[PDB]
Amino acid sequence: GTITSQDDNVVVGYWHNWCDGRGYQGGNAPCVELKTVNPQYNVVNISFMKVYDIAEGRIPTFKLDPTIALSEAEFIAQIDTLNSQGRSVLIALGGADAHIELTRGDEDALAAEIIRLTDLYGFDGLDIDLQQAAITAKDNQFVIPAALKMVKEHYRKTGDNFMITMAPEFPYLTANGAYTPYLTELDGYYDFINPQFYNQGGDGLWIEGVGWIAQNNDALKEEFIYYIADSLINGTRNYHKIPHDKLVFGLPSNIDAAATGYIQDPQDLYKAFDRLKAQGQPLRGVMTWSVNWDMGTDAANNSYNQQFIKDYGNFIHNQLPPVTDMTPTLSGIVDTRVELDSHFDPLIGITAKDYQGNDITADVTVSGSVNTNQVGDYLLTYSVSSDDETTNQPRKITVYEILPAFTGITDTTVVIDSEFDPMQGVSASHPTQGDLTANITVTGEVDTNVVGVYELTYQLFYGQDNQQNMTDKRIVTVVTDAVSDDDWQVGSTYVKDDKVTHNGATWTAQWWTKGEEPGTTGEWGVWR
Ligand SMILES: [Cl-]
Ligand code: NA
Ligand code: NA
Ligand code: NA
Ligand code: NA
């Protein structure tokens with residue numbers, strides 16, 4: 001069949017390329033033929049395209065498991081049957097332990113293999129379902145988007161909309177999280193994102209004024225669904241913006257299909273979706289891991305018997321078609337600190353795209369101004385308009401200054417009659433003003449002919465017109481080279497006629513003494 005895309009809401013279901021998967025609660029997921037998958041699953045994702053053996057090279061591929069009892073030809077025929085029904089069949093790239101480690105330059109070959117598989121099997125697009133190390137391994141974050149743009153354009157040439165979807169685990173969707181390059185590079189190229197709102201335990205989000213809402217909290221499931229989706233569709237609460245017309249809510253089919261995240265009470269989903277629609281932002285659908293689990297059995301060998309599609313199929317299909325959020329994006333805007341008197345260019349590193357991913361960087365405008373000749377905060381606002389929408393974002397620019405530093409202002413002792421240069425070994429520096437040694441003055445003098453302590457005060461003048469300054473002090477002590485009688489010590493024993501130095505004087509012992517301090521023994525005591 002032909003490349004078949006979905007114009008309206010989706011119920012996405014993954015399809016296992018394996019048999020008898022073991023459940024989180026001891027159930028079993030049989031392999032199933034594509035032709036048995038409920039019609040209401042209008043997007044079916046073949047799981048998974050991956051590296052099977054490092055020995056085959058770095059480019060991942062898809063190898064049907066023959067034990068599903070479909071030949072290559074029958075598999076192709078079943079996909080053609082789904083397409084004849086207006087249903088889409090994607091290839092899901094990634095999954096657990098996918099072992100994808102692409103290197104820069106691999107994008108041509110990955111694009112070529114995506115095309116080969118798409119043309120052979122009749123796939124309608126590709127789901128990015130990178131997990132764990134694969135999300136960030138080697139150059140995957142560059143290679144995968146680069147390849148997918150090429151694919152998309154290859155099929156656009158023939159009037160075909162090759163679908164691109166992604167299935168990020170939700171915690172990675174924070175504004176500077178690991179999925180950022182995929183979401184940003186492919187803005188305009190992707191049809192929808194179906195994050196996984198499951199298998200993340202106690203992860204969740206903080207709602208100011210309300211509290212913490214966790215993905216595993218079954219008492220607050222309506223709130224979880226509402227708030228995480230509200231945050232995504234508006235780019236609030238530290239999440240990257242995914243437009244509501246492109247947000248599909250990914251869920252476990254049942255308690256065997258995932259560790260956590262199953263919706264106990266479907267009413268929580270209906271009401272959360274209803275609230276989103278009530279604020280003018282209906283979502284695009286739901287997604288499940290998986291059709292095999294929906295058709296599986298529990299530990300007691302009782303059949304799940306399609307409960308997930310029973311609960312959600314009609315709810316999601318019985319909705320109006322999506323209304324495109326055409327707001328544009330700005331990228332690269334980050335608060336920035338700049339050194340006093342450095343050059344600042346408000347446009348560098350900043351870009352913009354329309355809702356279709358076209359570059360509209362030239363249409364960016366900036367209000368506000370930075371004066372790098374004056375420390376302080378400067379607030380800029382960037383704006384861009386396209387498609388009768390406008391996006392605005394602030395940027396704070398802080399101009400700062402670092403203090404210069406002295407070196408060599410160290411207290412020192414020099415010998416009588418030595419030559420002393422107060423500037424020897426003294427310098428100053430500043431990161432931008434450079435060598436400031438010539439801007440140091442010295443207050444005070446040292447007289448090395450005279451024993452004593454000499455204070456020097458160093459001042460540095462700097463900046464524009466040398467109107468800033470800083471100061472430091474140094475003590476230079478001049479000591480004689482004359483030999484003196486030895487210093488008195490409290491525990492020493494001295495003999496009549498022994499001489500010692502103490503408190504600036506020379507004293508001679510008049511008789512035997514230990515522990516008597518010279519100068520303290522009066523007019524007629526032992527030291528004179
Ligand atoms: Cl499984
Ligand atoms: Na097709
Ligand atoms: Na509840
Ligand atoms: Na999954
Ligand atoms: Na000092």
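Atoms within each ligand, like the ligands themselves, are counted from 1 in listed order. All residue numbers refer to positions in the sequence shown, counting from 1. Because only heavy atoms are used, hydrogens play no part in the values below, and waters and symmetry mates are left out as well, while side chains stay in.
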- Message: As a test of understanding, state which of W212, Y198, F170 forms a ring-ring contact (aromatic ring centres under 6.0 Å, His included) with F224.
- Response: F170
- With the side chain counted from C-beta on, respond yes when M423 and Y458 share a heavy-atom pair under 4.5 Å apart, and no when they do not. yes
- Just wondering, do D124 and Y155 contact through their side chains at under 4.5 Å, heavy atoms? no
- Query: If you measure only the distance, is there a donor-acceptor pair under 3.5 Å linking the side chains of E222 and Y270?
  - Reply: no
- Would you say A219 reaches the Na ion (ligand 3) with an N/O/S atom under 3.0 Å? yes
- Is any N, O or S atom of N199 under 3.0 Å away from the Na ion (ligand 4)? no
Exercise answer: donor-acceptor pairs, residues 247-259 side-chain atoms, under 3.5 Å, sequence neighbours excluded:
unit_1 : atom_1 : unit_2 : atom_2 : d
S253   : OG     : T288   : OG1    : 2.7
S253   : OG     : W289   : O      : 3.4
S253   : OG     : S290   : N      : 3.0
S253   : OG     : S290   : O      : 2.9
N254   : OD1    : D256   : N      : 3.0
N254   : OD1    : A257   : N      : 3.3
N254   : ND2    : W293   : O      : 3.0
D256   : OD1    : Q25    : N      : 2.9
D256   : OD1    : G26    : N      : 3.2
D256   : OD1    : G27    : N      : 2.8
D256   : OD2    : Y304   : OH     : 2.6

- Query: Do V210 and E223 touch side chain to side chain, with heavy atoms closer than 4.5 Å?
  - Reply: no
- Distance only, no hydrogens: is a donor on one side chain within 3.5 Å (strictly under) of an acceptor on the other, for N161 and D191? yes
- Have a look around the Na ion (ligand 5) and list protein N/O/S atoms under 3.0 Å, or say none. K473 O
